[PDB]
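*Asks:* Pasting a structure below so you can have a look.
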Amino acid sequence: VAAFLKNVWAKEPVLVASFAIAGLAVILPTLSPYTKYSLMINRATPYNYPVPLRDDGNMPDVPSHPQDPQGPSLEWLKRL
Amino acid sequence: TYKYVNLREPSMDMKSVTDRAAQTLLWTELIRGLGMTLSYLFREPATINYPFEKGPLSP
């Protein structure tokens with residue numbers, strides 16, 4: 001079966017190259033950590049309006065000032 | 001006498017197939033050969049302007 005890759009690649013060299021692109025395409029999205037950066041950006045794109053809520057006692061976090069360090073940090077991308 | 005033309009068995013080894021695989025897949029044939037032998041356009045057109053120019057003859 002070791003020459004089976006060398007008696008068809010010298011016989012029909014078209015679909016042999018297709019199966020190699022069938023390979024190396026399913027496997028790699030589960031491999032490199034550049035994915036889940038695809039997920040963090042695609043969720044952090046603001047379409048709609050972020051409506052604020054009503055305070056009653058608490059206040060667990062996030063006061064009215066927008067430029068305060070009160071929310072998350074997606075600002076790694078601008079530094080990236 | 002003889003001559004046996006177009007009578008040659010293939011190579012069939014590890015490396016020489018890569019010369020026959022790059023031929024079909026990436027077309028190192030048909031452009032180096034047939035795109036250069038056409039151009040070859042810069043030669044002078046050998047045309048006789050018949051009402052003015054005339055060709056050779058014999059006595």
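Order determines the names: the first chain of the structure tokens is A, the second B, and so forth; residues in each chain are numbered 1 upward, and ligands are numbered 1 upward as they are shown.
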Restrict the distance test to only C-alpha atoms, flag each residue of chain A within 9 Å of chain B, and return the flagged residues as a list in words.
*Replies:*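 In the required form, that comes to residues 6, 7, 9, 10, 13 and 14 of chain A.
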*Asks:* Which residues are close to residue 44 (chain A), i.e. within 12 Å by only C-alpha atoms, leaving aside same-chain residues fewer than 6 positions away? Reply as a PDB file with N, CA and C atoms, in the first residue's frame.
*Replies:*
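Once written, around-v5.pdb looks like this:
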ATOM      1  N   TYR A  37     -10.111  33.251  18.613  1.00  0.00           N
ATOM      2  CA  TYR A  37      -9.994  34.673  18.356  1.00  0.00           C
ATOM      3  C   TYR A  37     -10.990  35.080  17.290  1.00  0.00           C
ATOM      4  N   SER A  38     -11.316  34.148  16.395  1.00  0.00           N
ATOM      5  CA  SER A  38     -12.422  34.344  15.474  1.00  0.00           C
ATOM      6  C   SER A  38     -13.750  34.460  16.202  1.00  0.00           C
ATOM      7  N   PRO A  72     -15.665  45.058  30.498  1.00  0.00           N
ATOM      8  CA  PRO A  72     -14.636  44.094  30.092  1.00  0.00           C
ATOM      9  C   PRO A  72     -13.477  44.783  29.380  1.00  0.00           C
ATOM     10  N   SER A  73     -12.581  43.960  28.833  1.00  0.00           N
ATOM     11  CA  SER A  73     -11.424  44.447  28.082  1.00  0.00           C
ATOM     12  C   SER A  73     -11.353  43.731  26.737  1.00  0.00           C
ATOM     13  N   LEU A  74     -11.943  44.344  25.710  1.00  0.00           N
ATOM     14  CA  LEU A  74     -11.752  43.895  24.337  1.00  0.00           C
ATOM     15  C   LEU A  74     -10.717  44.748  23.617  1.00  0.00           C
ATOM     16  N   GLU A  75     -10.043  45.641  24.340  1.00  0.00           N
ATOM     17  CA  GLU A  75      -9.092  46.590  23.777  1.00  0.00           C
ATOM     18  C   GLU A  75      -7.718  45.980  23.535  1.00  0.00           C
ATOM     19  N   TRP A  76      -7.575  44.671  23.723  1.00  0.00           N
ATOM     20  CA  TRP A  76      -6.389  43.944  23.302  1.00  0.00           C
ATOM     21  C   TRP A  76      -6.196  43.958  21.793  1.00  0.00           C
ATOM     22  N   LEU A  77      -7.286  44.036  21.019  1.00  0.00           N
ATOM     23  CA  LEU A  77      -7.216  44.009  19.560  1.00  0.00           C
ATOM     24  C   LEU A  77      -6.530  45.244  18.996  1.00  0.00           C
TER      25      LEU A  77
END
*Asks:* Region 62-66 of chain A: which residues within 12 Å, counting only C-alpha atoms, same-chain residues fewer than 5 positions away excluded, as an mmCIF file with N, CA and C atoms, in the first residue's frame?
*Replies:*
data_model
loop_
_atom_site.group_PDB
_atom_site.id
_atom_site.type_symbol
_atom_site.label_atom_id
_atom_site.label_comp_id
_atom_site.auth_asym_id
_atom_site.auth_seq_id
_atom_site.Cartn_x
_atom_site.Cartn_y
_atom_site.Cartn_z
ATOM 1 N N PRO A 50 -26.635 49.256 22.998
ATOM 2 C CA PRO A 50 -26.586 48.740 24.371
ATOM 3 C C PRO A 50 -27.417 49.608 25.299
ATOM 4 N N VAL A 51 -28.594 49.114 25.656
ATOM 5 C CA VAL A 51 -29.510 49.858 26.508
ATOM 6 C C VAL A 51 -29.084 49.678 27.959
ATOM 7 N N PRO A 52 -28.982 50.747 28.736
ATOM 8 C CA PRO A 52 -28.654 50.621 30.158
ATOM 9 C C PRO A 52 -29.853 50.112 30.949
ATOM 10 N N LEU A 53 -29.619 49.841 32.224
ATOM 11 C CA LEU A 53 -30.637 49.266 33.090
ATOM 12 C C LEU A 53 -30.881 50.181 34.292
ATOM 13 N N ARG A 54 -31.752 49.735 35.192
ATOM 14 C CA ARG A 54 -32.197 50.522 36.330
ATOM 15 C C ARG A 54 -31.464 50.080 37.587
ATOM 16 N N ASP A 55 -30.969 51.051 38.351
ATOM 17 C CA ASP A 55 -30.347 50.739 39.629
ATOM 18 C C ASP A 55 -31.393 50.653 40.736
ATOM 19 N N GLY A 71 -16.275 47.846 32.738
ATOM 20 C CA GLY A 71 -16.685 46.705 31.955
ATOM 21 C C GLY A 71 -15.533 45.782 31.602
ATOM 22 N N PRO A 72 -15.665 45.058 30.498
ATOM 23 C CA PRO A 72 -14.636 44.094 30.092
ATOM 24 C C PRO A 72 -13.477 44.783 29.380
#
*Asks:* How many Å lie between CA of residue 54 (chain B) and CA of residue 40 (chain B), rounded to one decimal?
*Replies:* 26.6 Å
*Asks:* I need the residues in region 3-55 of chain A that are alpha helix (DSSP H) according to DSSP; give them as a list in words.
*Replies:* residues 15, 16, 17, 18, 19, 20, 21, 22, 37, 38, 39, 40, 41, 42 and 43 of chain A
